[PDB]
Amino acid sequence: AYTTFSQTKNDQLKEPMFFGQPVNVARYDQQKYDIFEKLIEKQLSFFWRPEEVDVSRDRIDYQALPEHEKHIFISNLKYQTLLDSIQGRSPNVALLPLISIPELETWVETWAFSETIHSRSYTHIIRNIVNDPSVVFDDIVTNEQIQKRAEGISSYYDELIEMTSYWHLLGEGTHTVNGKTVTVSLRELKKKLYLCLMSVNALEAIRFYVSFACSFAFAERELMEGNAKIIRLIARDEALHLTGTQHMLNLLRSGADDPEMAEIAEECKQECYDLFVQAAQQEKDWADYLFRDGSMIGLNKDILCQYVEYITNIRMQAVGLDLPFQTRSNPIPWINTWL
């Protein structure tokens, strides 16, 4: 099945990104796809430490905020914390067992590691703005609106992990387990990986960017500036993360890496399109919870729905999907200052 060191001498430049021979030697002198080595290098060059960021005035700014604005700020922060709690562990548990080229294996571990720094930075902000961090952290697990917004993220990863385990343990075929038939299909597993990767692309390229707009709207008012510095560093990493999944996805659909993946991508076009639209819809719906007690200068439900549509169109076009929304200019040009 899976092995931590395949003892067969293989040409790593000829393996597919996924489902080939597990990576044996970790070497970085050559790559099948140099984009992953470039991303590792850039991400290492961007290494930062959350505690090195001064967030000393954020507590008073937060206290002075009108209650509905405290609500907008903390709800957004809790969602960011939820997403990166998932992103810290999931690329490793879900992708590493399936990767067959070294540069992509190490990119995934570097990416996941950088997510743990993001999680540490959210703890740094939370500890410096509320008296008791535990209230904030526990609300993340059970918050109904947060889970509604992130609904389906852990399920894609979880289903891919389960199917990967069946494939590694039993291989392809029609099997039986305790009186039940269990069918294992590599094609279906490739489809699950493709859709999980598309979901991860929507997560980092759309969901987090909507959250960045919220955070930076405060920075525009010269408030929560410690948080702003941290989100700026996080967004700089996120740009690398979404670049990585865009390249994975485009290499999978072009047919240049795995012909079967190309057929899959085509067969999955409609499903993928609607999943992206569903993610956008979940982000829009979050607006009713976010602005339940009123809006803020530079940020309201309508400007956010417009930004969600703007960014979704850009991201979908980048991975070859049709645009679901009417084309428009960036509704919040000021955000470019921060990204």
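In case it trips you up, residue 1 is the first one in the sequence shown, and so on.
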Using only C-alpha atoms and the B-factors in the entry, which stretch averages higher, 251-259 or 169-177? 251-259
Out of 57-65 and 295-303, which stretch has the higher average CA B-factor listed in the record? 295-303
Hey, out of 326, 12, 24, 330, whose CA B-factor is highest in the deposited coordinates? 326
Residue with highest C-alpha B-factor in the PDB entry, from 142, 85, 211, 246: 142
Is the Cα B-factor recorded for residue 337 in the lowest, middle or highest third of its chain? highest
Temperature factor at the Cα of residue 272, chain-ranked in thirds, falls in the highest
Third of the chain, ranked by Cα B-factor, where residue 310 sits: middle
What third of the chain, by the recorded C-alpha B-factor, contains residue 97? lowest
Lowest, middle or highest third of the chain for the C-alpha temperature factor of residue 118? lowest
